[PDB]
Structure formats: structure tokens, C-alpha cells
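Peer 1: Below is a structure I'd like to ask you about.
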Amino acid sequence: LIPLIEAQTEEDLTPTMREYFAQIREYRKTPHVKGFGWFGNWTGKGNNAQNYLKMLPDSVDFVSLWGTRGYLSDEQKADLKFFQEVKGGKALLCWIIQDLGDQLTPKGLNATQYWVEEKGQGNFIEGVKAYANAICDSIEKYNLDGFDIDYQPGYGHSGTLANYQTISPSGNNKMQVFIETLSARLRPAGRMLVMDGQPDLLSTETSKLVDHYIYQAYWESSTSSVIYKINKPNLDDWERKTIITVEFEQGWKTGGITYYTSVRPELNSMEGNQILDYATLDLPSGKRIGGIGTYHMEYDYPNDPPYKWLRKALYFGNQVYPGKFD
């Protein structure tokens with residue numbers, strides 16, 4: 001007889017709640033509008049539900065951890081264990097990929113020094129192979145469910161890995177064996193690889209190694225301006241693997257921007273029409289977007305109800321306007 005925020009394993013629940021989360025775990029594996037976000041201030045520290053993966057809406061499928069790197073608390077480890085095993089949930093490491101050494105470069109040592117000669121052996125590429133293997137290390141160490149490449153060259157995050165060009169042996173071969181090394185390792189482990197910002201630079205073939213294409217559709221003011229952004233037939237199965245996200249650091253109150261126009265007239269009489277359009281987005285093929293998410297998803301918690309917009313959006317995407325998945 002333990003309330004949820006206190007529960008740690010299937011052993012702490014009644015039969016009726018064991019069975020409840022069994023259907024949630026089933027659902028996760030059916031094809032549906034996935035729910036995602038960038039979860040900040042993740043502590044698992046108690047009293048406040050907002051700091052817990054396990055207290056997220058049951059309709060959230062996976063999440064990227066904005067800010068967290070390593071050194072997890074026992075209370076973080078336990079939140080995650082429940083989120084993973086009871087809820088069918090998945091948590092990703094996440095951070096901008098710009099330079100070869102990024103966020104795994106110790107001290108103030110030199111990136112190109114530490115990674116290339118010191119870790120490769122002059123072979124720049126053995127160092128990309130190495131830098132990636134370290135990401136996987138650090139994921140396997142905290143049993144997280146994979147990685148989220150924040151890829152934004154040509155929004156200023158261009159470096160000794162990130163550049164303007166298609167990722168393929170024929171274009172950015174360095175970014176190619178990067179992604180190749182993450183897939184080789186964390187795909188057979190049941191883990192996820194994912195790319196946000198400019199997943200459109202993936203080659204057709206390389207796109208097969210990435211489980212979702214995640215776009216920041218923050219300031220798009222029209223359905224068809226969002227479709228233009230994500231309509232990339234170069235990408236394997238782009239409709240069902242594409243996730244479109246709204247900006248909740250600023251629009252948590254309103255369900256993104258206040259001056260959006262949906263292709264569904266009935267959505268435009270209603271506040272939050274950006275996130276609801278996204279969740280119900282029928283692409284020109286007729287297929288339903290693969291999912292929606294919010295940046296700083298937790299800013300939706302102070303709402304009435306808490307997680308107002310995300311919950312509504314997934315209700316719109318999965319029940320009000322049932323989508324087509326083939």
C-alpha cells in the first residue's frame with residue numbers, strides 16, 4: 001500500500017496497478033503519436049512530482065535529459081529503473097555535437113590533443129570511433145536507453161565534426177563513422193539513437209541507423225510551413241520517424257505560439273493550436289506524424305491541469321483524430 005511517488009518496482013503495486021502499467025507497456029509498442037520532450041531539473045528527490053521521470057504523463061514514450069551528464073544520485077537511478085521497467089519509458093543522454101571532443105573532454109585538457117593523438121594515434125577517425133565509444137560507455141554505466149545528437153551546424157554549432165553536408169561516406173564521413181559506432185553498439189542492446197535540429201542532413205542509408213528525426217518547429221506559424229520543414233523523402237520512413245517539438249520555456253502557458261494557423265479550422269477557435277496541430281498532423285502521403293514533444297516539458301507542470309498541453313496533444317493525436325500508420 002504505497003503511493004506512486006514512493007513506489008520503486010512492480011513489487012510495490014497492487015495487482016490492479018501491475019495490470020494497468022502492463023497495458024501501458026503494450027501500448028508503447030503499438031504504433032501511435034509518440035510523446036517526447038527535453039526534461040530539465042531531473043532530481044527524483046521527492047515532494048515535487050515535476051522532478052521525477054516516473055511521474056510524467058503515462059503517454060510519454062521517451063525523453064531527452066536537458067542538462068544531466070553523469071554522476072547520477074541513487075534517487076535518479078531508482079526513478080529511471082521504475083520509468084524503464086514498469087512504465088515502458090526510455091531516457092536519452094543529449095547535448096550539442098559540434099567538435100570531436102565535446103562534454104567528455106576532462107579538466108581543461110585540449111580536445112584535438114586528448115582525442116586524436118592521445119586516444120586515436122594521429123588517426124583523427126580512431127578518435128571519433130573512441131569519442132563515440134565513450135558516449136556508449138557513459139550511457140551503459142547509468143543504464144540509460146541511448147543518445148540524442150543535437151546537430152545544428154548552420155545554426156552556429158559547426159565544428160570539427162558538424163558541417164553543412166550530407167552524412168554518408170561520400171559527404172561527412174566523420175559524422176558517418178560517429179553514428180556508425182553508436183548504432184553498432186547500442187542498437188543490438190535495444191537502445192535508441194536519435195538526432196535533432198538538422199536530421200535532414202542524414203543520407204538515406206545513414207538515416208536507417210537513426211530511430212527518430214526530431215525537429216525544433218518552435219516559430220513555424222502554419223501547418224504547411226511545418227510540413228515544408230520536415231518533408232525530406234531522402235530520409236527512410238520520414239513521416240513515422242519524425243517528431244515535431246514546440247518551445248515550452250516560453251509557450252508552456254499557451255501550448256506554443258498564440259498566432260498559429262492550423263489546417264484544421266476547428267483548432268483555430270482554441271488556445272494551444274500549434275501543439276494540437278502537430279499531434280494530429282496528417283502528412284501529404286496521408287500518414288500521421290510519428291510524434292510530438294516540448295522543450296523544457298516540465299514548464300507544463302505548473303499548468304491546470306499539470307502537463308495540460310502535452311496530455312491534451314497526445315489525446316488529440318491518439319483518440320480525437322485517429323491517425324493512419326501505413
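Read the figures in this text as sums done on the coordinates, not as results from a lab. All Cβ positions, even for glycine, are placed from backbone atoms using ideal geometry, and neighbour counts span all protein chains on display.
Peer 1: Specify which of the listed residues (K34, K77) is under 29 Å from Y131 (Cβ atoms), surrounded by fewer than 19 Cβ atoms within 10 Å (Cβ to Cβ), of a type in the set (D, E, K, R) and touching a residue at least 60 places away in the same chain (Cβ under 8 Å).
Peer 2: When all the criteria are applied, what remains is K77.
Peer 1: Yes or no: region 245-258 includes at least one residue that is in contact with a strand residue (DSSP E or B) (Cβ under 9 Å, 6 or more places away or on another chain), touching a residue at least 40 places away in the same chain (Cβ under 8 Å) and under 14 Å from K34 (Cα atoms).
Peer 2: The answer is yes, given that some residue of region 245-258 is in contact with a strand residue (DSSP E or B) (Cβ under 9 Å, 6 or more places away or on another chain), touching a residue at least 40 places away in the same chain (Cβ under 8 Å) and under 14 Å from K34 (Cα atoms).
Peer 1: Taking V63 and the conditions (1) out of contact with any helix residue (DSSP H, G or I) (no Cβ under 7 Å at 6 or more places or on another chain); (2) part of a strand (DSSP E or B); (3) crowded, with 21+ Cβ neighbours inside 10 Å, which numbered condition does it fall short on, given that it satisfies the others?
Peer 2: It is condition (1) that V63 fails.
Peer 1: Hey, any hits in region 71-82 for a residue that's in a loop (DSSP other than H, G, I, E, B) and of a type in the set (K, R)?
Peer 2: no
Peer 1: Can you tell me which residue in region 112-127 is surrounded by the fewest Cβ atoms within 10 Å (Cβ to Cβ), limited to those that are in a helix (DSSP H, G or I), free of Cβ contacts under 8 Å to residues at least 24 places away in the same chain and of a type outside the set (F, W, Y)?
Peer 2: Among them, the one singled out is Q113.
Peer 1: With (1) of a type in the set (D, E, K, R); (2) within 30 Å of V226 (Cα to Cα); (3) not in a helix (DSSP H, G or I) as the list, and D102 as the residue in question, which single condition is left unmet?
Peer 2: The one condition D102 does not meet is (2).
Peer 1: How many residues does region 217-244 contain that are among the hydroxyl-bearing types (S, T, Y) and either under 19 Å from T204 (Cβ atoms) or in contact with a strand residue (DSSP E or B) (Cβ under 8 Å, 6 or more places away or on another chain) (or both)? Don't jump to the end; show me each part of the working.
Peer 2: First pass over region 217-244, keeping only residues among the hydroxyl-bearing types (S, T, Y): 218, 221-225, 228, 242.
Next cut, either under 19 Å from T204 (Cβ atoms) or in contact with a strand residue (DSSP E or B) (Cβ under 8 Å, 6 or more places away or on another chain) (or both) only: 218, 221-223, 242.
Count: 5.
Peer 1: Here's another thing I want to ask about it. Take the residues in region 6-31 that are of a type in the set (A, V, I, L, M, F, W, C) and either under 30 Å from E239 (Cα atoms) or in contact with a strand residue (DSSP E or B) (Cβ under 6 Å, 6 or more places away or on another chain) (or both), then tell me which one is surrounded by the most Cβ atoms within 10 Å (Cβ to Cβ).
Peer 2: Per the criteria, the residue is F21.
Peer 1: What number of residues in region 298-320 are in contact (Cβ under 8 Å) with a residue 24 or more places away in the chain, in a helix (DSSP H, G or I) and not hydroxyl-bearing (S, T, Y)?
Peer 2: Here the count works out to 13.
Peer 1: Could you please find all residues in region 151-200 being hydroxyl-bearing (S, T, Y) and over 25 Å from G290 (Cα atoms)?
Peer 2: Residues satisfying the conditions are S158, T160, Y164, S170, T181.
Peer 1: Checking the condition part of a loop (DSSP other than H, G, I, E, B), among the small types (G, A, S) and closer than 13 Å to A217 by Cα, which residue from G323, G256 passes?
Peer 2: Just a single option satisfies the conditions, and that option is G256.
Peer 1: Taking only region 213-253 into account, find how many residues are in a strand (DSSP E or B), in contact with a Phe, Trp or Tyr (Cβ under 8 Å, 6 or more places away or on another chain) and crowded, with 17+ Cβ neighbours inside 10 Å.
Peer 2: Residues flagged as in a strand (DSSP E or B), in contact with a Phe, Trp or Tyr (Cβ under 8 Å, 6 or more places away or on another chain) and crowded, with 17+ Cβ neighbours inside 10 Å within region 213-253 amount to 9.
Peer 1: Name every residue in region 37-57 that is surrounded by 15 or more Cβ atoms within 10 Å (Cβ to Cβ) and over 29 Å from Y213 (Cβ atoms), in order of residue number.
Peer 2: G44, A49, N51
Peer 1: Just one of the numbered conditions (1) touching a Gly at 6+ places or on another chain (Cβ under 7 Å); (2) free of Cβ contacts under 8 Å to residues at least 40 places away in the same chain is not true of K241; which one?
Peer 2: (2)
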